[PDB]
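Undergrad: Below is the structure, and that's it, no one-letter string:
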């Protein structure tokens, strides 16, 4: 199969440099051009340009001339994108994609999110959300997990190591004063909790935080 | 640069209905050598990379259902989706590769309509753990409702509290087309223990009166 694997999320301060990678497999790397497309949070797709995988020569769209550089490591079938003198506006997700003669991208990397910020990395505090000790109980019960005060994104939140997948809602993190806050809820039959344990597993890669918070009755 | 103009910016239809979106290019995308229009359509779901649906203006990529149909030549193009389902919720982009730089349209966001649904509201007092430090966050989940338009008001001892609240909405559900939202009111431990009644009121068109969930501290 054909696949493009991009490097992990990057946190950089303004004025710094970042270099991300896109590893290709399943096809002859040098037989197809590699293109780069970026996307600012909540906005549209922007074509940055492409690299000739045979020649190595890059061509940039006007909006990306100057600070951007496409390079290759042919032997490792990998394409790179380096951005110089980062600006807060460079905060976005960068995708690599293989271009076909039929003029379309048939395969894309999952994208690499780079956030440019002066904010300092900080681990989240994880709090269990259980119904009040004096609240009415129904047929179903909803539990929660509050992941507060961390930076930067992302954080992963699952329930019972993933075994509990239905009835789950994880709300998009919101930024406030250099810190993100996110929450997640799970709804299970009242006959399953608290008799059966329910725990939220949260991880914040940037701070190597990993906590498995069991939700217990108050 | 060739400008791609997509319309409408957003579409809302019920499951099973047909939808058509337009993409107009600032100049013909017809290649005389191949006799093909270099126009492609891509579908991008929340948190995912785009995926091609149509290329050469009307050729379906292998794996794409017949219900997705691309039409057009020159400057006028369209993408039509029949038997629309929640699974189709995404932003659709057209892209020309006739003359560099390749350019994308602004996209058309497809959202689904469905029966109105009242939110299931749950309120959660601050956790013992959070209290141990100097904080206190009260959380209310408003789950599986429709439409997306909803208002949450926080009250402490009966009076509205506007500062310190953070709200977040999920993307439309990929299966049942509902929305969910979380509202978090953060206060200091002192403020929290200085008052007794905490309630979040949800105002939604599904009810003439707001849904109220509350708890009293001294009852904990």
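TA: Looks like it arrived, so ask away. Residues are numbered from 1 along each chain as shown, chains lettered A, B, ... in the order given.
Undergrad: tally of neighbours for residue A:166?
TA: Residue A:166 has 9 neighbouring residues, counting by other CB atoms under 10 Å in any protein chain shown. In this view, the C-beta of every residue, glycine as well, is placed from N, C-alpha and C.
Undergrad: Could you do the one 5 residues further on as well?
TA: Other residues near residue A:171 come to 24 when the count uses other CB under 10 Å.
Undergrad: Check residue A:53 too.
TA: Neighbour count of residue A:53, defined by other CB under 10 Å: 21.
Undergrad: how about the residue found closest to residue A:193 once you drop the neighbours it is linked to in the chain, what does it touch?
TA: Nearest non-adjacent residue to residue A:193, counting by CB to CB, 6 or more residues apart in numbering or on different chains: residue A:141, 5.6 Å away. Counting by CB atoms under 8 Å, 6 or more residues apart in numbering or on different chains, residue A:141 touches A:131, A:187-190, A:193.
Undergrad: For those residues, which ChimeraX command selects only the ones that are buried?
TA: Selection of buried members from the contacts of residue A:141 for ChimeraX, criterion 16 or more other CB atoms under 10 Å in any protein chain shown:
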select /A:131,187,188,193
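Undergrad: Tabulate the contacts of residue A:141 (JSON lines), appending secondary structure and distance to residue B:3.
TA: Shown next, in JSON lines, are these (DSSP: H, G, I helix; E, B strand; the rest coil; distance: CB to CB, whole Å):
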{"residue": "A:131", "secondary structure": "coil", "distance to residue B:3": "54"}
{"residue": "A:187", "secondary structure": "strand", "distance to residue B:3": "47"}
{"residue": "A:188", "secondary structure": "strand", "distance to residue B:3": "51"}
{"residue": "A:189", "secondary structure": "strand", "distance to residue B:3": "54"}
{"residue": "A:190", "secondary structure": "coil", "distance to residue B:3": "57"}
{"residue": "A:193", "secondary structure": "coil", "distance to residue B:3": "55"}
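Undergrad: Tell me which two of the contacts of residue A:141 sit farthest apart.
TA: A:131 and A:189 (14.2 Å; CB to CB).
Undergrad: who are the neighbours in contact with the most centrally placed residue in chain B?
TA: Per CA atoms, centre = their mean, the C-alpha nearest to the average position across chain B is that of residue B:171, at 3.9 Å. Contact analysis of residue B:171 by CB under 8 Å, 6+ apart lists A:172, B:46, B:89.
Undergrad: Neighbour-wise, give me the winner out of those residues.
TA: In these, the most neighbours by other CB under 10 Å go to residue B:89, 20 neighbours.
Undergrad: Skipping adjacent residues, who's closest to that one in space?
TA: Nearest non-adjacent residue to residue B:89 (CB to CB, 6+ apart): residue B:172, at 5.3 Å.
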